[PDB]
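K.L.:
Pasting a structure below so you can have a look.
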Amino acid sequence: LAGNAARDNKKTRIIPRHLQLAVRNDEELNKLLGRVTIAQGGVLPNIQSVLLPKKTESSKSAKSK
Amino acid sequence: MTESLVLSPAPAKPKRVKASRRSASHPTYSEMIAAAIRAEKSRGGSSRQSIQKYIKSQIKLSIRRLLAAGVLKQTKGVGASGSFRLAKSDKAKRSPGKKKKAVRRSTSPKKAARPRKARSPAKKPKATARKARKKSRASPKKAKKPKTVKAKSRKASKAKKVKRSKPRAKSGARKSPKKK
Amino acid sequence: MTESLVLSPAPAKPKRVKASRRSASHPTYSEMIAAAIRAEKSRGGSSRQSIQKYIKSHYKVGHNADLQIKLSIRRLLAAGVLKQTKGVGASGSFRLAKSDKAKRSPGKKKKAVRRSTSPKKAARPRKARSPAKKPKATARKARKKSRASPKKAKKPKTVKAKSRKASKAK
Amino acid sequence: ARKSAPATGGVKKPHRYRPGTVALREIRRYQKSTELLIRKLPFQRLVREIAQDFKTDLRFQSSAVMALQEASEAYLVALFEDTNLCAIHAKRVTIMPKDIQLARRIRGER
Amino acid sequence: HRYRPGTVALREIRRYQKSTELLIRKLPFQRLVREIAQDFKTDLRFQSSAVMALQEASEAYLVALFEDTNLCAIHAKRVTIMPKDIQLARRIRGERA
Amino acid sequence: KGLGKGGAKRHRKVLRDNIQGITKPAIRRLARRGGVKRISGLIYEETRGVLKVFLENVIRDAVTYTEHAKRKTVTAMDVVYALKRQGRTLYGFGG
Amino acid sequence: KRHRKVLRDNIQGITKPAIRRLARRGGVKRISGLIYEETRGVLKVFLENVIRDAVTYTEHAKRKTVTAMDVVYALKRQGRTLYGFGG
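Residue numbers (the deposited numbering), protein chains in the order written: chain K, 5328 to 5392; chain Ar, 0 to 56, 67 to 189; chain Ai, 0 to 169; chain t, 1203 to 1312; chain h, 1314 to 1410; chain 5, 1413 to 1507; chain a8, 1472 to 1558.
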């Protein structure tokens, strides 16, 4: 699973980031090895929907305010 | 600055004209709603649709801009629409505010509650005349005639001082409400 | 204390009667500072001279008002009504406290009329030379010969473009 | 001609790069790379400072400081995961200090 | 006569805290315990002590969760506890793992 | 008033009522024990799901412990081991 | 040396953009002023607790320098385990 993440990252070597991937994406592999800190492991792009307002980038009321 | 340089031809060539000889029309984005608010004829303030009617002669951005400039003070409400008003500055305290329960000036009743705290009763925020300090247990139809007897016993100079003093409160009662 | 609510109001009663009443004669007791702020039209209202020259009108004076002004302003900044800014050449900088972050450096913004007194300089070679350059103030030059547009000027005036020419021809 | 550019003196801005756009740009980059955000030397001073009171004659290896930093940084990021979810539950994105009180209380920490 | 909403809740708060009792009915819990283990292993027998132990842990876990979700409600401005609070509390406490 | 009049049920167990036996008042007391003032109507169905997940995780270890011992009875010693590993160690069942 | 005795002096001046980057790593977009002080406090409290096991392990081995192996023993005891720095 780590090798698959490396292919998506386009880098052959499994960077510790690539090992951080394939661990949090699968719950079964996350139930194991869960309460751990991966050395030099980047966090998954977990973003809440509230952080992207959209709505024409204007006020909720009428017109651009 | 093009918003005020190439759109400045808009106030350079508007069919309606402003800021000329005599106060025929109001300047744009400034003092436009001043006359409308001054001629309020309303309680609590104006509304958005009413202001749309008055302007007939970016409203939210203009309101925010005037807020930043510092010319508007309004009130909060939900049933009343809009509640738009400028800075008339008749009284900035408005601490009671009424709503069916208030305290007259919140100071003379406080000046009467101070003996309450100082003496035996030490009552919660309730304040009355002096005779309750002598008898906390009192009742209407009985706790008023001794006051009239005391007024009869006292002198015309004291009566005149009574007539003269609180007219200050008469003058002050119109400050905060600004009206009836 | 009795001195504040019984004794002192008695001599000042006629002064207060001559002062503000329901007839909208004058500003109230705690709004003279707001009047100074609105009438200042400057970077900052001076602490003494501006306040005195805006309260120069008839009010409670001699009643120790020269301490009462301090004692009244000593109760205004509690609710964010007024604030102050630094300076080198102003005796005071009392200003309205509003949504300008209250900590802003001075800038520049002016809006007045000076070409409004220019068309007399056009009527001088055209019509007449009555003013002799003295009456340039607002209330002056209003002794008629003071017009800018046709009948529609008194009503909401128009720029009266070429469409107005055809309307007049109608 | 001229003006209406990223140069503005006493001039209305075009309302670009509103609060959130800078964050959206930064969240993508920082979650894409593995890095130590806290500067190394001040953390090295911090770990030395705290440990001295507990005992003296104490030093730290280069890997030991790095090991503590990575665990501490991950602890903060993991804490930021829970605290951010507290803000959306309250219809906020301002991560105000009421979030940290609830996040620590739920776990057996404070 | 009539108890307005919220009046009896405060009294019930001060009662259950000082009491020693099991709030889950005994008979439905035995059927629930047997059924969930029935699919895992067919031929099973349950001791009375195990049923009591399972109920106490299940109740205390829910009681502890309710305390955290109560503090999740105070984070917002609503006295009522919605599923928003429970799901958020599970993630923070690590239950969803 | 007489008879069921609606909603009456005289069908006990028979492959049902195992998890629905935790009625609204039962959930209320658990909420009141932890201390609440008001609970939404959706908390009742959610509580049953929450309780089942916790019970499922504990019982999964307990049956595994029982099978290793080559016995059919499930004792309080097996379940407490599951709680101890999970972190919710339970005292008072040590014998 | 040994001129420093009391721990009143603080050298814990965590940098604000570092907090912003750490916060934005977790999905934060608006950080208030009061957040910065407690953010250092949370780090200090977490560092204080983990170091308590480190000194106890170090004193048991009669060591003068904390090795990465001792940190892993301390870290894995508190539930937060780091990989690659020990084993």
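Yeah, the Cβ is synthetic: ideal placement off N, Cα and C, and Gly gets one too.
For a contact defined as C-beta to C-beta under 7 Å, what are the partners of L70 (chain Ar) on chain K?
P.N.:
Here the neighbours are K5392.
K.L.:
Using DSSP's beta-bridge definition, name the partner residues of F1359 (chain h).
P.N.:
Answer by DSSP bridge pairing, in chain order: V1486 (chain 5).
K.L.:
Which residues share a DSSP beta bridge with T1552 (chain a8)?
P.N.:
The partner list for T1552 (chain a8) (beta bridge, DSSP) reads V5363 (chain K).
K.L.:
Can you give the Cα-Cα distance for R142 (chain Ai) and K154 (chain Ai), rounded to whole angstroms?
P.N.:
Approximately 20 Å between the Cα atoms of the pair.
K.L.:
Measuring straight from C-alpha to C-alpha, what distance separates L1260 (chain t) and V1279 (chain t)?
P.N.:
Their Cα atoms are separated by approximately 29 Å.
K.L.:
Name the chain K residues that come within less than 7 Å of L1278 (chain t), Cβ to Cβ?
P.N.:
Those do not exist, as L1278 (chain t) stays about 11 Å from chain K at its closest Cβ, beyond 7 Å.
K.L.:
Which residue wins for smallest C-alpha separation from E1508 (chain a8), given the options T1538 (chain a8), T1486 (chain a8) and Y1528 (chain a8)?
P.N.:
Of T1538 (chain a8), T1486 (chain a8) and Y1528 (chain a8), the residue nearest in Cα terms is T1486 (chain a8).
K.L.:
Can you pull the chain a8 residues whose beta carbon is under 8 Å from the beta carbon of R5362 (chain K), in chain order?
P.N.:
In chain order: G1550, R1551 and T1552.
K.L.:
Could you please tell me which residues of the region 1473–1506 of chain a8, in chain order, have their CB closer than 8 Å to any CB of chain K?
P.N.:
Within the region 1473–1506 of chain a8, the qualifying residues are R1496, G1497, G1498 and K1500.
K.L.:
Listed in chain order, which residues of the region 1278–1309 of chain t have Cβ atoms closer than 7 Å to some Cβ of chain h?
P.N.:
The residues in question are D1284, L1287, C1288, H1291, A1292, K1300, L1304, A1305, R1307, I1308 and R1309.
K.L.:
Is it true that the CB of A1443 (chain 5) sits closer than 7 Å to the CB of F1379 (chain h)?
P.N.:
In contact: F1379 (chain h) and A1443 (chain 5) (Cβ atoms closer than 7 Å).
K.L.:
Applying the criterion that 16 or more other CB atoms from any shown protein chain within 10 Å of the CB defines a buried residue, is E30 (chain Ai) buried or exposed?
P.N.:
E30 (chain Ai) comes out buried.
K.L.:
Give the residues of chain Ar in contact with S5386 (chain K), contact being defined as C-beta atoms less than 8 Å apart.
P.N.:
Under the 8 Å cutoff, chain Ar gives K69.
K.L.:
If you reduce the DSSP assignment to three classes, tell me which class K159 (chain Ai) lands in.
P.N.:
Coil at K159 (chain Ai), not helix or strand.
K.L.:
Apply the 10 Å Cβ neighbour rule to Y28 (chain Ar) and answer buried if 16 or more other Cβ atoms are within range, or exposed otherwise.
P.N.:
Answer is exposed; the Cβ neighbour count stays below 16.
K.L.:
Check for me: the alpha helix (DSSP H) holding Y53 (chain Ar) runs from which residue to which?
P.N.:
Taken as a continuous stretch (DSSP letters only), the alpha helix (DSSP H) holding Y53 (chain Ar) covers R47 to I54.
K.L.:
Which residues in the same chain as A1386 (chain h) place their Cβ atom closer than 6 Å to its Cβ, once the five residues preceding and following it in sequence are excluded?
P.N.:
Excluding positions up to five away in sequence, the list reads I1394 and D1398.
K.L.:
Within the 7 Å Cβ cut-off, does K156 (chain Ai) reach chain Ar?
P.N.:
For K156 (chain Ai), the answer is yes, since a Cβ of chain Ar falls inside 7 Å of its Cβ.
K.L.:
Taking all protein chains shown into account, do 16 or more other C-beta atoms lie within 10 angstroms of the C-beta of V1249 (chain t), making it buried, or fewer, making it exposed?
P.N.:
Classification of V1249 (chain t): buried, given that the 10 Å Cβ count is 16 or more.
K.L.:
For chain a8, check one thing: does any of its Cβ atoms lie closer than 7 Å to the Cβ of residue 5440 (chain K)?
P.N.:
No statement about residue 5440 (chain K) is possible, as the shown extent of chain K runs from 5328 to 5392 and does not include it.
K.L.:
Excluding sequence positions up to five away, which residues of its chain have a Cβ less than 6 Å from the Cβ of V1537 (chain a8)?
P.N.:
So the list reads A1525 and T1529, once near-sequence residues are dropped.
K.L.:
Run through chain Ar and tell me which residues come within less than 7 Å of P8 (chain Ai), C-beta to C-beta.
P.N.:
Within 7 Å Cβ-Cβ: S174 and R177.
K.L.:
Between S41 (chain Ar), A121 (chain Ar), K188 (chain Ar) and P8 (chain Ar), which lies nearest to residue 66 (chain Ar) when the distance is taken from Cα to Cα?
P.N.:
Residue numbering in chain Ar jumps from 56 to 67; residue 66 (chain Ar), which lies between, is not modelled.
K.L.:
Can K69 (chain Ar) and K5392 (chain K) be called in contact, C-beta distance under 7 Å?
P.N.:
Cβ atoms of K69 (chain Ar) and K5392 (chain K): closer than 7 Å.
K.L.:
From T1 (chain Ar), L4 (chain Ar) and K14 (chain Ar), pick the residue whose C-alpha is nearest to that of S162 (chain Ai); which is it?
P.N.:
When only C-alpha atoms are compared, the closest one is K14 (chain Ar).
K.L.:
Are the region 81–91 of chain Ai and the region 42–59 of chain Ai in contact at 8 Å, needing three or more beta carbon pairs?
P.N.:
Because the criterion of three Cβ pairs below 8 Å is met, the region 81–91 of chain Ai and the region 42–59 of chain Ai touch.
K.L.:
In the DSSP assignment, find the alpha helix (DSSP H) that holds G106 (chain Ar) and state where it starts and stops.
P.N.:
Note, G106 (chain Ar): premise wrong, no alpha helix (DSSP H); not H, not E.
K.L.:
So, do the region 124–144 of chain Ar and the region 76–86 of chain Ar have three or more beta carbon pairs nearer to each other than 8 Å?
P.N.:
No, because fewer than three Cβ pairs between the region 124–144 of chain Ar and the region 76–86 of chain Ar fall closer than 8 Å, the two stretches do not touch.
K.L.:
Can you tell which of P149 (chain Ar), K82 (chain Ar) and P130 (chain Ar) has the C-alpha that lies nearest to the C-alpha of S98 (chain Ai)?
P.N.:
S98 (chain Ai) has its Cα closest to that of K82 (chain Ar), out of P149 (chain Ar), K82 (chain Ar) and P130 (chain Ar).
K.L.:
Give a yes or no on whether the minimum CB-CB distance between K1205 (chain t) and chain a8 is below 7 Å.
P.N.:
No, no contact with chain a8.
K.L.:
Kindly say whether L5359 (chain K), judged by its beta-carbon, lies nearer than 7 Å to any beta-carbon of chain a8.
P.N.:
It does not; no Cβ of chain a8 falls within 7 Å.
K.L.:
Please report the residue range of the alpha helix (DSSP H) in which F1245 (chain t) lies.
P.N.:
First-last of the alpha helix (DSSP H) with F1245 (chain t): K1242 to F1256.
K.L.:
Have a look at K1354 (chain h) and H1291 (chain t) and give me their C-alpha separation to the nearest angstrom.
P.N.:
If I take the Cα positions, the gap works out to 41 Å.
K.L.:
Return no unless some Cβ of chain Ar is closer than 7 Å to the Cβ of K1214 (chain t).
P.N.:
Yes, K1214 (chain t) counts as interfacial toward chain Ar.
K.L.:
Give the straight-line distance between the Cα atoms of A9 (chain Ai) and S145 (chain Ar), rounded to the nearest whole angstrom.
P.N.:
Distance between the alpha carbons of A9 (chain Ai) and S145 (chain Ar): 32 Å.
K.L.:
Identify whether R125 (chain Ai) lies in helix, strand or coil by the three-state DSSP scheme.
P.N.:
DSSP places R125 (chain Ai) in helix when its eight states are reduced to three.
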